[PDB]
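First the proteins, then the strands, lettered A, B, ... as listed; each starts at 1.
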Amino acid sequence: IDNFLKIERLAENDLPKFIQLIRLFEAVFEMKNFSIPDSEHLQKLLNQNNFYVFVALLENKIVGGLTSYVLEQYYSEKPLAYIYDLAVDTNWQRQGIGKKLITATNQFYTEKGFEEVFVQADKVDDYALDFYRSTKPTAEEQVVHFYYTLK
Amino acid sequence: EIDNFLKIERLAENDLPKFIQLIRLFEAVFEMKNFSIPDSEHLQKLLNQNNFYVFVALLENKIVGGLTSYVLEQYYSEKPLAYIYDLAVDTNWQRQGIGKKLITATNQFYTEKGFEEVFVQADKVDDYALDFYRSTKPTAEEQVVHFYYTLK
Ligand SMILES: OC[C@H]1O[C@H](O[C@H]2O[C@H](CO)[C@@H](O)[C@H](O)[C@H]2O)[C@H](O)[C@@H](O)[C@@H]1O
Ligand SMILES: [Ca+2]
Ligand SMILES: [Ca+2]
Ligand SMILES: [Ca+2]
Ligand SMILES: [Ca+2]
Ligand SMILES: [Ca+2]
Ligand SMILES: [Ca+2]
Ligand SMILES: [Ca+2]
Ligand SMILES: [Ca+2]
Ligand SMILES: [Cl-]
Ligand SMILES: [Cl-]
């Protein structure tokens, strides 16, 4: 596939590819009764200087991607990147696409002089864990994630 | 009994000195090795960002606790998320409600701003932090794994 596959970092004139990726997230994550935000909101997000999206393309079809947030640090002038979502179309999994997305993401942030990139996976998702373990991370740590649903 | 002396405040752009005090508190409580604080130009730039909010606890004008939080605009909703990144309380003033009041003020702030959710993480080996967050009425907790790629 590495003759056909293209990895692309989205820019501000890439809203259609971004929407395609959000729809892939909806599909792969099996999100229920999802209503996509209006395009104006999604464009503002894409225009943020702390947000970077990477996609995998076959021809003009988005077949995978990931989203990431920049966290400027107070411990270092070298920022963190937080990978928020990563998905590959079920029809194109096990073809190296996820690994290529992680590699491209980390290379980009390396060139930008970042300290570290990190990502979260659920402890019961053994295949996600297998995947991230195969990308040669520096460290892996058990974490408890808490949230507060606001009124 | 500091209940009537404790002040909880959200840092403004003129609060670099309190921000630096908080960062030193983090260095002490988290026992950080070989820490060189970034220069103040960088720290001021961060404090100036409109997607970064710091809450502190004060006894008089001494910082005795605080937390840092990042706004994450979503593509799943127009309502943002807030990510609490660090929270610490002076070892001399722990287990006296300071952490709880910081979390309450933080969630109240983001509620008023119409955010969807505030989230925070603790290392599984950090028994103290886990018992703390479980005492703040979180909506839920999830067992997860973090993977880190430290860059050259
Ligand atoms: O495909 C596996 C799961 O991916 C997502 O969940 C991960 O990413 C979330 C957003 O950063 C985290 O909150 C979560 O802890 C991770 O597991 C997706 O939301 C899940 O539905 C998928 O099953
Ligand atoms: Ca493009
Ligand atoms: Ca799933
Ligand atoms: Ca921009
Ligand atoms: Ca510098
Ligand atoms: Ca030393
Ligand atoms: Ca500002
Ligand atoms: Ca979730
Ligand atoms: Ca280096
Ligand atoms: Cl894959
Ligand atoms: Cl406390």
Side-chain angles (χ1 to χ4, degrees), chain A residues 22 25-26 28-37 41 45 50-51 67-69 71 80 82-87 118-126 128-129 132 141-151, chain B residues 8-10 51-57 65-89 94-147:
Chain A
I22 293 162
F25 288 160
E26 177 190 13
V28 174
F29 302 149
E30 300 174 306
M31 300 178 64
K32 309 298 186 178
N33 314 125
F34 179 64
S35 297
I36 199 169
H41 174 75
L45 175 50
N50 71 339
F51 184 69
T67 58
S68 64
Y69 296 87
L71 310 175
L80 300 179
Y82 179 15
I83 296 169
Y84 194 80
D85 275 317
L86 168 62
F118 69 105
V119 65
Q120 180 171 294
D122 194 277
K123 211 224 293 177
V124 312
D125 197 344
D126 278 77
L129 295 177
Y132 289 110
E141 295 176 13
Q142 303 292 312
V143 170
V144 182
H145 170 91
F146 298 90
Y147 63 88
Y148 309 87
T149 298
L150 306 185
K151 288 133 70 174
Chain B
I8 302 291
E9 296 180 7
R10 184 179 79 253
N51 54 23
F52 181 71
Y53 290 101
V54 183
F55 294 79
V56 301
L67 71 73
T68 54
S69 64
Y70 295 86
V71 177
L72 308 179
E73 296 285 340
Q74 299 191 83
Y75 42 88
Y76 293 131
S77 169
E78 287 207 26
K79 302 179 161 56
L81 304 172
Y83 183 16
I84 296 171
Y85 190 81
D86 275 322
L87 178 152
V89 174
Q94 289 182 338
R95 322 165 167 277
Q96 299 193 57
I98 294 171
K100 286 180 182 175
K101 288 169 177 172
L102 284 167
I103 290 292
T104 296
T106 297
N107 291 350
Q108 177 65 30
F109 176 73
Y110 283 121
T111 298
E112 291 163 345
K113 291 175 71 72
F115 279 40
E116 184 186 350
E117 181 190 292
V118 176
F119 65 99
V120 65
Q121 292 128 7
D123 298 337
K124 188 182 186 177
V125 299
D126 193 340
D127 301 313
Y128 172 87
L130 294 175
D131 212 50
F132 169 75
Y133 286 115
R134 288 163 176 160
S135 78
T136 63
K137 289 174 155 292
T139 300
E141 65 174 77
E142 300 180 343
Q143 293 288 318
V144 301
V145 177
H146 281 191
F147 295 92

Working note: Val118(B) + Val120(B), criterion side chain to side chain contact (heavy atoms under 4.5 Å, CB included); need CA distance, chi angles, decisive distance, verdict. CA-CA 7 Å; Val118(B) 176; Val120(B) 65; 6.0 Å; no
Are any of the side-chain heavy atoms of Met31(A) and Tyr76(B) separated by less than 4.5 Å? yes
Quick check on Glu30(A): does its CD atom have over 12 non-hydrogen neighbours (other residues, nucleotides or ligands) under 6.0 Å away? no
Is there a donor in the side chain of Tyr75(B) and an acceptor in the side chain of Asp85(A), or the other way round, less than 3.5 Å apart? yes
Determine the minimum heavy-atom distance between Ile8(B) and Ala105(B), stating which atoms define it. CG2-CB, 3.7 Å
Should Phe51(A) and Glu73(B) be marked as a side chain to side chain contact (heavy atoms under 4.5 Å, CB included) after you check the CA-CA gap, both sets of side-chain angles, and the distance that decides it? CA-CA 9 Å; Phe51(A) 184 69; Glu73(B) 296 285 340; over 6 Å; no
From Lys32(A) atom NZ to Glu26(A) atom CD, the distance as rounded to the nearest 0.5 Å: 10.5 Å
Starting at CG of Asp122(A), measure out to CG of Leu129(A) and round the result to the nearest 0.5 Å. 8.0 Å
For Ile98(B) and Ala57(B), work out which heavy atoms get closest and say how close. CG2-CB, 3.6 Å
Side chains of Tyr133(B) and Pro138(B): closer than 4.5 Å at any heavy-atom pair? no
Value rounded to 0.5 Å, distance of CG in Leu87(B) from CD1 in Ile103(B): 5.0 Å
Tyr53(B) and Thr106(B): side chain donor to acceptor below 3.5 Å: no
Can you give me the closest heavy-atom contact between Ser77(B) and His41(A), atom names plus distance? O-NE2, 3.4 Å
Are the side chain of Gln74(B) and the backbone of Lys79(B) linked by a donor-acceptor contact shorter than 3.5 Å? yes
Using a 4.5 Å cut-off on heavy atoms from C-beta on, say whether the side chain of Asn51(B) contacts that of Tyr69(A). no
What's the separation between atom CD in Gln96(B) and atom NZ in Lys101(B), rounded to the nearest 0.5 Å? 9.5 Å
Interatomic distance, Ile22(A) atom CD1 to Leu45(A) atom CG [nearest 0.5 angstrom]: 7.5 Å
Exercise: do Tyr83(B) and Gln121(B) side chains pair donor with acceptor under 3.5 Å: yes
Test item: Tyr128(B) and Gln94(B) side chains (from C-beta on) under 4.5 Å apart, heavy atoms: yes
How long is the straight-line distance from OG1 of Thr139(B) back to CG of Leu150(A), given to the nearest 0.5 Å? 7.5 Å
Over all atoms of both residues, closest heavy-atom pair of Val144(B) and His145(A): CG2-CB, 4.0 Å
Check whether any side-chain N or O of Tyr110(B) sits under 3.5 Å from a backbone N or O of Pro80(B) as a donor-acceptor pair, and report yes or no. no
Any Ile83(A) side-chain heavy atom under 4.5 Å of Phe147(B) side chain: no
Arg134(B) vs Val144(A), test: side chain to side chain contact (heavy atoms under 4.5 Å, CB included). Steps then yes/no. CA-CA 10 Å; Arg134(B) 288 163 176 160; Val144(A) 182; 4.3 Å; yes
